[PDB]
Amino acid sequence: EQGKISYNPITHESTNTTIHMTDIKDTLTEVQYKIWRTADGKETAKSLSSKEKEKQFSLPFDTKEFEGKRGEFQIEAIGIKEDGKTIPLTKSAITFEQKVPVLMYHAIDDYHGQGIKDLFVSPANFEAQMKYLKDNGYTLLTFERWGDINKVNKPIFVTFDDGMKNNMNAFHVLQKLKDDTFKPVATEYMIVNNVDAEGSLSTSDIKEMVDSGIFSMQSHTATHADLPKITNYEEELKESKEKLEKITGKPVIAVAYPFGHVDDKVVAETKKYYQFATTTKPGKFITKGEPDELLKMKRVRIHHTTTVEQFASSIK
């Protein structure tokens, strides 16, 4: 209704700032800022008062005042007159960017000597890892909720590469762990030409995974192409997306680069067709506002030998 909330510029590395108000029309003795973390809910709000009238009702803000937590904080300001009358001012928000681990799995199966050992995580160990997420308040997301990474507690993306049939084991584990509190979701990056192939997810598997609300079915190209070395970008990137959309009935907005192989040319081609692209560069993503950063997203590799302790250290 009146006034404008501003704050000293922050970056993704910032932990604090100072809030100010300008353009106030009423005469005030005090401004009260009601602040809460979106992720924790308005019911958890506190109110912080400034009587620094000569300094635009300056209010120091530090994430230390909110248990060291980050993400989006909502701000509602009211003014107080000398006689105590309250005056509605305005609302805004400030976001301290949260890190987002993007986990990379391949096979979820008991290894029996067939295939590349490191790329197998047993269903038992996968369950233990997912149970860790469940027990520690992580919010599992898919790229349809990219806009929510700062609006939830402990955002994390569980992803699988290739569309192996054994990923139905991961699906079943997630169905088991799902309950009134834990709402798991995950991304499957499907080698699109392998739908219904021996060893891969079938059309019926994909429909079950998608219809359950658990899986977001995204692209791993048409043939798992070494993108810097191919020229058929429409076939590998565009037509794979289109074919997969016809199968799932849901938008395809994300891809994973086969082998983690990517260069500026590949990013530019990918940008034509996908909003999101993940690499195999190790680490957690954070929003830096860097050019095409969402098409160069780091991932955390899970190994055959990864323990729950190692898993926890790599995401926390």
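For every residue, the number given is its place in the sequence shown, counted from 1.
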Can you tell me whether 114-122 has a higher mean C-alpha B factor than 186-194 in this record, or the other way round?
114-122
If you average the Cα B factors in the entry, which is higher, 79-87 or 158-166?
79-87
Candidate residues 259, 276, 36, 57, the one whose C-alpha B factor the record puts highest
57
Peak C-alpha temperature factor (PDB record), options 27, 280, 44, 47
27
How does the C-alpha B factor of residue 5 compare with the rest of the chain: lowest, middle or highest third?
highest
Where the record places residue 53 (Cα B-factor, split into thirds across the chain)
highest
State the tercile, meaning the lowest, middle or highest third, of residue 271 with respect to the CA B-factors recorded for its chain.
middle
By the record's CA B-factor, is residue 254 among the lowest, middle or highest third of residues in the chain?
lowest
By the recorded C-alpha temperature factor, relative to the other modelled residues in its chain, which third is residue 225 in?
highest
